[PDB]
Number of protein chains: 2
Amino acid sequence: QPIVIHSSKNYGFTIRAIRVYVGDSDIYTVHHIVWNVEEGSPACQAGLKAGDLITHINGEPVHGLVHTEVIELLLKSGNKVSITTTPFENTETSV
Amino acid sequence: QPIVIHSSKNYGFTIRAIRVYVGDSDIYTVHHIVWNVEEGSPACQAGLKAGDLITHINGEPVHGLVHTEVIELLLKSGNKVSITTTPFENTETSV
């Protein structure tokens, strides 16, 4: 962390907005997930993985940003981009 | 596959429903994620992996089922439950 991707075109991945619901409730949290990583791509080489939640692009937090805003961050990045990711699973400890 | 869990009355895992949206649209698909697996439980013993998605319960597909319906499939199950899972893998056939 972060994942550094060097491009010569594209980075080679797609992202999707998700909602994660708790139990049977209507309450959710909003995230951006790496949906697919093309094999042989800079993103694939760099170790970016499908299912990874993105928290930052080039150090900028994606919290509160809508899908198109995140895409825009990736597009203006140009040739090299840094992506901070976190596991998509429970990371907390109960006592 | 599938994961075979040998319970007694708790399997030892938590599930969440997630919505994955297409682009900037309001269209989504639903996925049932293994959110947490309790150490030292039947689910842990069975090798159920947090972060993976449930596709079948005792051979029955979960497409089109909401959270409470997936719960019911698990409750109606006996001591042993077979769960089919898949990781996030959205690789396309590109030529």
# chains A, B, ... in the order shown; residues from 1 in each chain; ligands from 1

call {"tool": "closest_atom_pairs", "arguments": {"of": "chain A", "to": "chain B", "cutoff": "6 Å", "atoms": "only C-alpha atoms", "output": "CSV"}}
result
residue,atom,partner,partner_atom,distance
A:17,CA,B:21,CA,5.6
A:18,CA,B:20,CA,4.6
A:19,CA,B:19,CA,5.1
A:20,CA,B:18,CA,4.5
A:21,CA,B:17,CA,5.6
A:36,CA,B:90,CA,5.1
A:50,CA,B:88,CA,5.7
A:51,CA,B:88,CA,5.3
A:88,CA,B:51,CA,5.9
A:89,CA,B:51,CA,5.0
A:90,CA,B:36,CA,5.5

call {"tool": "calpha_fit_and_write", "arguments": {"fixed": "chain A", "moving": "chain B", "output": "PDB file with N, CA and C atoms, in the first residue's frame"}}
result
ATOM      1  N   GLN B   1       1.240  -1.594  -0.519  1.00  0.00           N
ATOM      2  CA  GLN B   1       0.366  -0.428  -0.567  1.00  0.00           C
ATOM      3  C   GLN B   1       1.192   0.853  -0.575  1.00  0.00           C
ATOM      4  N   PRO B   2       0.894   1.756  -1.510  1.00  0.00           N
ATOM      5  CA  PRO B   2      -0.223   1.644  -2.440  1.00  0.00           C
ATOM      6  C   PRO B   2       0.248   0.930  -3.695  1.00  0.00           C
ATOM      7  N   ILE B   3      -0.698   0.562  -4.550  1.00  0.00           N
ATOM      8  CA  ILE B   3      -0.395  -0.006  -5.853  1.00  0.00           C
ATOM      9  C   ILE B   3       0.008   1.114  -6.814  1.00  0.00           C
ATOM     10  N   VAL B   4       1.172   0.975  -7.446  1.00  0.00           N
ATOM     11  CA  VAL B   4       1.651   1.972  -8.401  1.00  0.00           C
ATOM     12  C   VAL B   4       1.549   1.461  -9.836  1.00  0.00           C
ATOM     13  N   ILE B   5       0.664   2.075 -10.613  1.00  0.00           N
ATOM     14  CA  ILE B   5       0.374   1.631 -11.971  1.00  0.00           C
ATOM     15  C   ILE B   5       1.057   2.528 -12.998  1.00  0.00           C
ATOM     16  N   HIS B   6       1.905   1.930 -13.838  1.00  0.00           N
ATOM     17  CA  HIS B   6       2.634   2.665 -14.873  1.00  0.00           C
ATOM     18  C   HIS B   6       1.949   2.573 -16.232  1.00  0.00           C
ATOM     19  N   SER B   7       1.087   3.542 -16.525  1.00  0.00           N
ATOM     20  CA  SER B   7       0.334   3.557 -17.775  1.00  0.00           C
ATOM     21  C   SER B   7       1.044   4.379 -18.849  1.00  0.00           C
ATOM     22  N   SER B   8       0.459   4.408 -20.043  1.00  0.00           N
ATOM     23  CA  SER B   8       0.995   5.190 -21.151  1.00  0.00           C
ATOM     24  C   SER B   8       0.161   6.443 -21.388  1.00  0.00           C
ATOM     25  N   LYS B   9      -2.874   4.611 -22.877  1.00  0.00           N
ATOM     26  CA  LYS B   9      -3.758   5.529 -22.167  1.00  0.00           C
ATOM     27  C   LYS B   9      -4.801   4.783 -21.339  1.00  0.00           C
ATOM     28  N   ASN B  10      -4.566   3.494 -21.116  1.00  0.00           N
ATOM     29  CA  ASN B  10      -5.460   2.684 -20.294  1.00  0.00           C
ATOM     30  C   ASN B  10      -4.730   1.914 -19.200  1.00  0.00           C
ATOM     31  N   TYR B  11      -5.192   2.088 -17.967  1.00  0.00           N
ATOM     32  CA  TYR B  11      -4.575   1.438 -16.820  1.00  0.00           C
ATOM     33  C   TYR B  11      -4.799  -0.068 -16.848  1.00  0.00           C
ATOM     34  N   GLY B  12      -5.977  -0.480 -17.308  1.00  0.00           N
ATOM     35  CA  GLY B  12      -6.293  -1.890 -17.463  1.00  0.00           C
ATOM     36  C   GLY B  12      -7.143  -2.533 -16.376  1.00  0.00           C
ATOM     37  N   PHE B  13      -8.101  -1.796 -15.823  1.00  0.00           N
ATOM     38  CA  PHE B  13      -9.028  -2.398 -14.870  1.00  0.00           C
ATOM     39  C   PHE B  13     -10.410  -1.760 -14.912  1.00  0.00           C
ATOM     40  N   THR B  14     -11.372  -2.451 -14.314  1.00  0.00           N
ATOM     41  CA  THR B  14     -12.748  -1.991 -14.256  1.00  0.00           C
ATOM     42  C   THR B  14     -13.170  -1.806 -12.813  1.00  0.00           C
ATOM     43  N   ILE B  15     -13.907  -0.733 -12.534  1.00  0.00           N
ATOM     44  CA  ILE B  15     -14.429  -0.517 -11.191  1.00  0.00           C
ATOM     45  C   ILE B  15     -15.949  -0.502 -11.190  1.00  0.00           C
ATOM     46  N   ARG B  16     -16.526  -0.958 -10.089  1.00  0.00           N
ATOM     47  CA  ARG B  16     -17.963  -0.854  -9.876  1.00  0.00           C
ATOM     48  C   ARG B  16     -18.227  -0.228  -8.528  1.00  0.00           C
ATOM     49  N   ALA B  17     -19.342   0.485  -8.424  1.00  0.00           N
ATOM     50  CA  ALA B  17     -19.779   0.999  -7.143  1.00  0.00           C
ATOM     51  C   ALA B  17     -20.731  -0.008  -6.529  1.00  0.00           C
ATOM     52  N   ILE B  18     -20.585  -0.253  -5.236  1.00  0.00           N
ATOM     53  CA  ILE B  18     -21.505  -1.145  -4.559  1.00  0.00           C
ATOM     54  C   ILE B  18     -22.078  -0.447  -3.356  1.00  0.00           C
ATOM     55  N   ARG B  19     -23.292  -0.832  -2.985  1.00  0.00           N
ATOM     56  CA  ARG B  19     -23.902  -0.375  -1.743  1.00  0.00           C
ATOM     57  C   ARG B  19     -24.009  -1.545  -0.788  1.00  0.00           C
ATOM     58  N   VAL B  20     -23.532  -1.341   0.431  1.00  0.00           N
ATOM     59  CA  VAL B  20     -23.606  -2.358   1.473  1.00  0.00           C
ATOM     60  C   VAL B  20     -24.581  -1.884   2.547  1.00  0.00           C
ATOM     61  N   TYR B  21     -25.696  -2.599   2.678  1.00  0.00           N
ATOM     62  CA  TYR B  21     -26.790  -2.195   3.572  1.00  0.00           C
ATOM     63  C   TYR B  21     -26.610  -2.738   4.979  1.00  0.00           C
ATOM     64  N   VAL B  22     -27.095  -1.978   5.966  1.00  0.00           N
ATOM     65  CA  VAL B  22     -27.033  -2.386   7.366  1.00  0.00           C
ATOM     66  C   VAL B  22     -28.286  -3.163   7.749  1.00  0.00           C
ATOM     67  N   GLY B  23     -28.119  -4.440   8.083  1.00  0.00           N
ATOM     68  CA  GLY B  23     -29.246  -5.268   8.474  1.00  0.00           C
ATOM     69  C   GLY B  23     -30.376  -5.243   7.458  1.00  0.00           C
ATOM     70  N   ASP B  24     -31.599  -5.031   7.939  1.00  0.00           N
ATOM     71  CA  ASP B  24     -32.773  -4.983   7.068  1.00  0.00           C
ATOM     72  C   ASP B  24     -33.153  -3.548   6.719  1.00  0.00           C
ATOM     73  N   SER B  25     -32.276  -2.610   7.059  1.00  0.00           N
ATOM     74  CA  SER B  25     -32.554  -1.191   6.867  1.00  0.00           C
ATOM     75  C   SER B  25     -32.230  -0.683   5.465  1.00  0.00           C
ATOM     76  N   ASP B  26     -32.604   0.569   5.227  1.00  0.00           N
ATOM     77  CA  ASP B  26     -32.293   1.259   3.984  1.00  0.00           C
ATOM     78  C   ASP B  26     -30.996   2.066   4.072  1.00  0.00           C
ATOM     79  N   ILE B  27     -30.271   1.915   5.179  1.00  0.00           N
ATOM     80  CA  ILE B  27     -29.010   2.630   5.384  1.00  0.00           C
ATOM     81  C   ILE B  27     -27.868   1.841   4.752  1.00  0.00           C
ATOM     82  N   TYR B  28     -27.010   2.523   3.996  1.00  0.00           N
ATOM     83  CA  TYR B  28     -25.895   1.843   3.343  1.00  0.00           C
ATOM     84  C   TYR B  28     -24.615   2.656   3.328  1.00  0.00           C
ATOM     85  N   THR B  29     -23.509   1.962   3.073  1.00  0.00           N
ATOM     86  CA  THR B  29     -22.256   2.632   2.751  1.00  0.00           C
ATOM     87  C   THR B  29     -21.865   2.264   1.330  1.00  0.00           C
ATOM     88  N   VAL B  30     -21.073   3.120   0.707  1.00  0.00           N
ATOM     89  CA  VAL B  30     -20.659   2.942  -0.679  1.00  0.00           C
ATOM     90  C   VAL B  30     -19.207   2.493  -0.763  1.00  0.00           C
ATOM     91  N   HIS B  31     -18.949   1.531  -1.640  1.00  0.00           N
ATOM     92  CA  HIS B  31     -17.603   1.032  -1.825  1.00  0.00           C
ATOM     93  C   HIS B  31     -17.295   0.886  -3.296  1.00  0.00           C
ATOM     94  N   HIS B  32     -16.044   1.134  -3.647  1.00  0.00           N
ATOM     95  CA  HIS B  32     -15.631   1.093  -5.032  1.00  0.00           C
ATOM     96  C   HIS B  32     -14.727  -0.101  -5.219  1.00  0.00           C
ATOM     97  N   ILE B  33     -15.275  -1.122  -5.865  1.00  0.00           N
ATOM     98  CA  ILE B  33     -14.584  -2.395  -5.995  1.00  0.00           C
ATOM     99  C   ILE B  33     -13.814  -2.512  -7.310  1.00  0.00           C
ATOM    100  N   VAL B  34     -12.607  -3.066  -7.240  1.00  0.00           N
ATOM    101  CA  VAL B  34     -11.907  -3.441  -8.466  1.00  0.00           C
ATOM    102  C   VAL B  34     -12.611  -4.684  -8.987  1.00  0.00           C
ATOM    103  N   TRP B  35     -13.416  -4.513 -10.031  1.00  0.00           N
ATOM    104  CA  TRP B  35     -14.236  -5.598 -10.552  1.00  0.00           C
ATOM    105  C   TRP B  35     -13.416  -6.570 -11.400  1.00  0.00           C
ATOM    106  N   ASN B  36     -12.539  -6.025 -12.230  1.00  0.00           N
ATOM    107  CA  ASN B  36     -11.740  -6.846 -13.123  1.00  0.00           C
ATOM    108  C   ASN B  36     -10.382  -6.234 -13.361  1.00  0.00           C
ATOM    109  N   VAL B  37      -9.376  -7.091 -13.507  1.00  0.00           N
ATOM    110  CA  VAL B  37      -8.038  -6.652 -13.869  1.00  0.00           C
ATOM    111  C   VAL B  37      -7.616  -7.393 -15.127  1.00  0.00           C
ATOM    112  N   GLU B  38      -7.230  -6.639 -16.146  1.00  0.00           N
ATOM    113  CA  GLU B  38      -6.908  -7.235 -17.437  1.00  0.00           C
ATOM    114  C   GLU B  38      -5.516  -7.845 -17.433  1.00  0.00           C
ATOM    115  N   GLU B  39      -5.430  -9.120 -17.797  1.00  0.00           N
ATOM    116  CA  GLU B  39      -4.140  -9.795 -17.891  1.00  0.00           C
ATOM    117  C   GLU B  39      -3.202  -9.031 -18.823  1.00  0.00           C
ATOM    118  N   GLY B  40      -1.940  -8.914 -18.422  1.00  0.00           N
ATOM    119  CA  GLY B  40      -0.918  -8.307 -19.257  1.00  0.00           C
ATOM    120  C   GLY B  40      -0.993  -6.793 -19.362  1.00  0.00           C
ATOM    121  N   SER B  41      -1.778  -6.175 -18.485  1.00  0.00           N
ATOM    122  CA  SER B  41      -1.931  -4.726 -18.479  1.00  0.00           C
ATOM    123  C   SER B  41      -1.041  -4.121 -17.402  1.00  0.00           C
ATOM    124  N   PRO B  42      -0.912  -2.785 -17.395  1.00  0.00           N
ATOM    125  CA  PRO B  42      -0.197  -2.102 -16.314  1.00  0.00           C
ATOM    126  C   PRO B  42      -0.776  -2.418 -14.934  1.00  0.00           C
ATOM    127  N   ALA B  43      -2.094  -2.557 -14.835  1.00  0.00           N
ATOM    128  CA  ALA B  43      -2.725  -2.844 -13.548  1.00  0.00           C
ATOM    129  C   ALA B  43      -2.355  -4.243 -13.058  1.00  0.00           C
ATOM    130  N   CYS B  44      -2.319  -5.195 -13.985  1.00  0.00           N
ATOM    131  CA  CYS B  44      -1.919  -6.557 -13.669  1.00  0.00           C
ATOM    132  C   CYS B  44      -0.455  -6.581 -13.228  1.00  0.00           C
ATOM    133  N   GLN B  45       0.386  -5.871 -13.973  1.00  0.00           N
ATOM    134  CA  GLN B  45       1.803  -5.741 -13.641  1.00  0.00           C
ATOM    135  C   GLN B  45       1.992  -5.184 -12.231  1.00  0.00           C
ATOM    136  N   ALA B  46       1.148  -4.223 -11.863  1.00  0.00           N
ATOM    137  CA  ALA B  46       1.262  -3.548 -10.573  1.00  0.00           C
ATOM    138  C   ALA B  46       0.747  -4.397  -9.417  1.00  0.00           C
ATOM    139  N   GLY B  47       0.031  -5.471  -9.740  1.00  0.00           N
ATOM    140  CA  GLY B  47      -0.480  -6.376  -8.728  1.00  0.00           C
ATOM    141  C   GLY B  47      -1.795  -5.919  -8.121  1.00  0.00           C
ATOM    142  N   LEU B  48      -2.517  -5.070  -8.849  1.00  0.00           N
ATOM    143  CA  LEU B  48      -3.854  -4.665  -8.438  1.00  0.00           C
ATOM    144  C   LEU B  48      -4.704  -5.921  -8.426  1.00  0.00           C
ATOM    145  N   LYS B  49      -5.490  -6.103  -7.371  1.00  0.00           N
ATOM    146  CA  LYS B  49      -6.208  -7.359  -7.183  1.00  0.00           C
ATOM    147  C   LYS B  49      -7.711  -7.194  -7.328  1.00  0.00           C
ATOM    148  N   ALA B  50      -8.303  -7.910  -8.281  1.00  0.00           N
ATOM    149  CA  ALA B  50      -9.751  -7.909  -8.409  1.00  0.00           C
ATOM    150  C   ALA B  50     -10.380  -8.410  -7.116  1.00  0.00           C
ATOM    151  N   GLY B  51     -11.465  -7.762  -6.700  1.00  0.00           N
ATOM    152  CA  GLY B  51     -12.148  -8.117  -5.467  1.00  0.00           C
ATOM    153  C   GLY B  51     -11.838  -7.191  -4.307  1.00  0.00           C
ATOM    154  N   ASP B  52     -10.730  -6.458  -4.402  1.00  0.00           N
ATOM    155  CA  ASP B  52     -10.366  -5.489  -3.376  1.00  0.00           C
ATOM    156  C   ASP B  52     -11.094  -4.165  -3.575  1.00  0.00           C
ATOM    157  N   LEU B  53     -11.076  -3.330  -2.545  1.00  0.00           N
ATOM    158  CA  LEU B  53     -11.772  -2.059  -2.576  1.00  0.00           C
ATOM    159  C   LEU B  53     -10.769  -0.923  -2.649  1.00  0.00           C
ATOM    160  N   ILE B  54     -11.098   0.094  -3.433  1.00  0.00           N
ATOM    161  CA  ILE B  54     -10.263   1.287  -3.500  1.00  0.00           C
ATOM    162  C   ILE B  54     -10.612   2.230  -2.353  1.00  0.00           C
ATOM    163  N   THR B  55      -9.600   2.630  -1.592  1.00  0.00           N
ATOM    164  CA  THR B  55      -9.814   3.606  -0.532  1.00  0.00           C
ATOM    165  C   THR B  55      -9.215   4.974  -0.853  1.00  0.00           C
ATOM    166  N   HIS B  56      -8.137   4.990  -1.631  1.00  0.00           N
ATOM    167  CA  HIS B  56      -7.493   6.243  -2.002  1.00  0.00           C
ATOM    168  C   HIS B  56      -6.993   6.198  -3.430  1.00  0.00           C
ATOM    169  N   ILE B  57      -6.980   7.362  -4.069  1.00  0.00           N
ATOM    170  CA  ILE B  57      -6.375   7.528  -5.388  1.00  0.00           C
ATOM    171  C   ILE B  57      -5.377   8.679  -5.317  1.00  0.00           C
ATOM    172  N   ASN B  58      -4.098   8.366  -5.511  1.00  0.00           N
ATOM    173  CA  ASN B  58      -3.039   9.355  -5.328  1.00  0.00           C
ATOM    174  C   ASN B  58      -3.149  10.028  -3.962  1.00  0.00           C
ATOM    175  N   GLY B  59      -3.486   9.238  -2.945  1.00  0.00           N
ATOM    176  CA  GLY B  59      -3.522   9.728  -1.576  1.00  0.00           C
ATOM    177  C   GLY B  59      -4.815  10.396  -1.140  1.00  0.00           C
ATOM    178  N   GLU B  60      -5.736  10.596  -2.076  1.00  0.00           N
ATOM    179  CA  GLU B  60      -7.011  11.238  -1.761  1.00  0.00           C
ATOM    180  C   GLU B  60      -8.091  10.198  -1.484  1.00  0.00           C
ATOM    181  N   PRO B  61      -8.797  10.348  -0.355  1.00  0.00           N
ATOM    182  CA  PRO B  61      -9.808   9.388   0.098  1.00  0.00           C
ATOM    183  C   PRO B  61     -11.024   9.426  -0.810  1.00  0.00           C
ATOM    184  N   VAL B  62     -11.703   8.295  -0.969  1.00  0.00           N
ATOM    185  CA  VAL B  62     -12.893   8.258  -1.814  1.00  0.00           C
ATOM    186  C   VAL B  62     -14.209   8.257  -1.026  1.00  0.00           C
ATOM    187  N   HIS B  63     -14.136   8.345   0.304  1.00  0.00           N
ATOM    188  CA  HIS B  63     -15.353   8.465   1.114  1.00  0.00           C
ATOM    189  C   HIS B  63     -16.240   9.575   0.578  1.00  0.00           C
ATOM    190  N   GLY B  64     -17.521   9.263   0.408  1.00  0.00           N
ATOM    191  CA  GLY B  64     -18.507  10.244  -0.008  1.00  0.00           C
ATOM    192  C   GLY B  64     -18.542  10.545  -1.495  1.00  0.00           C
ATOM    193  N   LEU B  65     -17.645   9.926  -2.259  1.00  0.00           N
ATOM    194  CA  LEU B  65     -17.624  10.120  -3.705  1.00  0.00           C
ATOM    195  C   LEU B  65     -18.479   9.073  -4.395  1.00  0.00           C
ATOM    196  N   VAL B  66     -19.220   9.504  -5.410  1.00  0.00           N
ATOM    197  CA  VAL B  66     -19.969   8.579  -6.246  1.00  0.00           C
ATOM    198  C   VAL B  66     -19.089   8.052  -7.378  1.00  0.00           C
ATOM    199  N   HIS B  67     -19.600   7.056  -8.088  1.00  0.00           N
ATOM    200  CA  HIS B  67     -18.869   6.397  -9.162  1.00  0.00           C
ATOM    201  C   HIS B  67     -18.202   7.370 -10.142  1.00  0.00           C
ATOM    202  N   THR B  68     -18.967   8.324 -10.670  1.00  0.00           N
ATOM    203  CA  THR B  68     -18.426   9.245 -11.670  1.00  0.00           C
ATOM    204  C   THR B  68     -17.315  10.127 -11.112  1.00  0.00           C
ATOM    205  N   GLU B  69     -17.386  10.428  -9.822  1.00  0.00           N
ATOM    206  CA  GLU B  69     -16.343  11.221  -9.178  1.00  0.00           C
ATOM    207  C   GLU B  69     -15.040  10.428  -9.028  1.00  0.00           C
ATOM    208  N   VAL B  70     -15.154   9.126  -8.786  1.00  0.00           N
ATOM    209  CA  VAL B  70     -13.973   8.273  -8.710  1.00  0.00           C
ATOM    210  C   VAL B  70     -13.324   8.143 -10.092  1.00  0.00           C
ATOM    211  N   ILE B  71     -14.153   7.954 -11.118  1.00  0.00           N
ATOM    212  CA  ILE B  71     -13.683   7.983 -12.499  1.00  0.00           C
ATOM    213  C   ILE B  71     -12.848   9.226 -12.765  1.00  0.00           C
ATOM    214  N   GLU B  72     -13.380  10.383 -12.378  1.00  0.00           N
ATOM    215  CA  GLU B  72     -12.715  11.657 -12.646  1.00  0.00           C
ATOM    216  C   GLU B  72     -11.335  11.723 -11.999  1.00  0.00           C
ATOM    217  N   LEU B  73     -11.224  11.182 -10.791  1.00  0.00           N
ATOM    218  CA  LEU B  73      -9.946  11.155 -10.097  1.00  0.00           C
ATOM    219  C   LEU B  73      -8.940  10.350 -10.906  1.00  0.00           C
ATOM    220  N   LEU B  74      -9.416   9.271 -11.516  1.00  0.00           N
ATOM    221  CA  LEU B  74      -8.549   8.405 -12.303  1.00  0.00           C
ATOM    222  C   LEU B  74      -8.149   9.066 -13.619  1.00  0.00           C
ATOM    223  N   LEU B  75      -9.101   9.731 -14.267  1.00  0.00           N
ATOM    224  CA  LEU B  75      -8.827  10.412 -15.530  1.00  0.00           C
ATOM    225  C   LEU B  75      -7.862  11.590 -15.363  1.00  0.00           C
ATOM    226  N   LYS B  76      -8.074  12.395 -14.325  1.00  0.00           N
ATOM    227  CA  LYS B  76      -7.225  13.557 -14.071  1.00  0.00           C
ATOM    228  C   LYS B  76      -5.799  13.143 -13.720  1.00  0.00           C
ATOM    229  N   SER B  77      -5.627  11.879 -13.347  1.00  0.00           N
ATOM    230  CA  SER B  77      -4.309  11.357 -13.007  1.00  0.00           C
ATOM    231  C   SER B  77      -3.412  11.299 -14.243  1.00  0.00           C
ATOM    232  N   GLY B  78      -2.105  11.242 -14.021  1.00  0.00           N
ATOM    233  CA  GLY B  78      -1.155  11.228 -15.117  1.00  0.00           C
ATOM    234  C   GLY B  78      -0.888   9.832 -15.642  1.00  0.00           C
ATOM    235  N   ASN B  79       0.336   9.605 -16.106  1.00  0.00           N
ATOM    236  CA  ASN B  79       0.742   8.290 -16.581  1.00  0.00           C
ATOM    237  C   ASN B  79       0.788   7.281 -15.439  1.00  0.00           C
ATOM    238  N   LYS B  80       1.462   7.653 -14.356  1.00  0.00           N
ATOM    239  CA  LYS B  80       1.521   6.809 -13.170  1.00  0.00           C
ATOM    240  C   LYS B  80       0.405   7.177 -12.200  1.00  0.00           C
ATOM    241  N   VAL B  81      -0.299   6.171 -11.695  1.00  0.00           N
ATOM    242  CA  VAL B  81      -1.342   6.398 -10.696  1.00  0.00           C
ATOM    243  C   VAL B  81      -1.110   5.504  -9.481  1.00  0.00           C
ATOM    244  N   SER B  82      -1.270   6.066  -8.290  1.00  0.00           N
ATOM    245  CA  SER B  82      -1.127   5.291  -7.065  1.00  0.00           C
ATOM    246  C   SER B  82      -2.493   5.043  -6.465  1.00  0.00           C
ATOM    247  N   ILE B  83      -2.819   3.776  -6.256  1.00  0.00           N
ATOM    248  CA  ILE B  83      -4.133   3.411  -5.750  1.00  0.00           C
ATOM    249  C   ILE B  83      -3.969   2.634  -4.460  1.00  0.00           C
ATOM    250  N   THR B  84      -4.632   3.095  -3.407  1.00  0.00           N
ATOM    251  CA  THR B  84      -4.608   2.390  -2.140  1.00  0.00           C
ATOM    252  C   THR B  84      -5.816   1.479  -2.079  1.00  0.00           C
ATOM    253  N   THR B  85      -5.580   0.196  -1.827  1.00  0.00           N
ATOM    254  CA  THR B  85      -6.670  -0.772  -1.757  1.00  0.00           C
ATOM    255  C   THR B  85      -6.694  -1.502  -0.417  1.00  0.00           C
ATOM    256  N   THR B  86      -7.840  -2.100  -0.115  1.00  0.00           N
ATOM    257  CA  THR B  86      -8.009  -2.944   1.057  1.00  0.00           C
ATOM    258  C   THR B  86      -8.905  -4.119   0.687  1.00  0.00           C
ATOM    259  N   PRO B  87      -8.664  -5.287   1.293  1.00  0.00           N
ATOM    260  CA  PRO B  87      -9.558  -6.429   1.094  1.00  0.00           C
ATOM    261  C   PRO B  87     -10.778  -6.281   1.996  1.00  0.00           C
ATOM    262  N   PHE B  88     -11.827  -7.064   1.755  1.00  0.00           N
ATOM    263  CA  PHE B  88     -12.902  -7.152   2.731  1.00  0.00           C
ATOM    264  C   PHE B  88     -12.321  -7.728   4.020  1.00  0.00           C
ATOM    265  N   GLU B  89     -12.270  -6.896   5.050  1.00  0.00           N
ATOM    266  CA  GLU B  89     -11.772  -7.292   6.363  1.00  0.00           C
ATOM    267  C   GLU B  89     -12.559  -6.495   7.383  1.00  0.00           C
ATOM    268  N   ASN B  90     -13.562  -7.128   7.977  1.00  0.00           N
ATOM    269  CA  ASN B  90     -14.469  -6.416   8.869  1.00  0.00           C
ATOM    270  C   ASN B  90     -14.401  -6.962  10.296  1.00  0.00           C
ATOM    271  N   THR B  91     -13.202  -7.395  10.686  1.00  0.00           N
ATOM    272  CA  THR B  91     -12.952  -7.995  11.998  1.00  0.00           C
ATOM    273  C   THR B  91     -13.113  -7.007  13.157  1.00  0.00           C
ATOM    274  N   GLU B  92     -13.901  -7.386  14.160  1.00  0.00           N
ATOM    275  CA  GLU B  92     -14.123  -6.511  15.316  1.00  0.00           C
ATOM    276  C   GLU B  92     -13.159  -6.841  16.447  1.00  0.00           C
ATOM    277  N   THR B  93     -13.011  -5.904  17.378  1.00  0.00           N
ATOM    278  CA  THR B  93     -12.244  -6.166  18.580  1.00  0.00           C
ATOM    279  C   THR B  93     -13.191  -6.625  19.682  1.00  0.00           C
ATOM    280  N   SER B  94     -13.272  -7.940  19.845  1.00  0.00           N
ATOM    281  CA  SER B  94     -14.202  -8.547  20.782  1.00  0.00           C
ATOM    282  C   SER B  94     -13.440  -9.114  21.970  1.00  0.00           C
ATOM    283  N   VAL B  95     -13.912  -8.804  23.175  1.00  0.00           N
ATOM    284  CA  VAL B  95     -13.237  -9.222  24.394  1.00  0.00           C
ATOM    285  C   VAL B  95     -14.220  -9.881  25.357  1.00  0.00           C
TER     286      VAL B  95
END

call {"tool": "select_by_dssp", "arguments": {"residues": "chain A", "states": "alpha helix (DSSP H)", "output": "list in words"}}
result
residues 42, 43, 44, 45, 46, 67, 68, 69, 70, 71, 72, 73, 74 and 75 of chain A
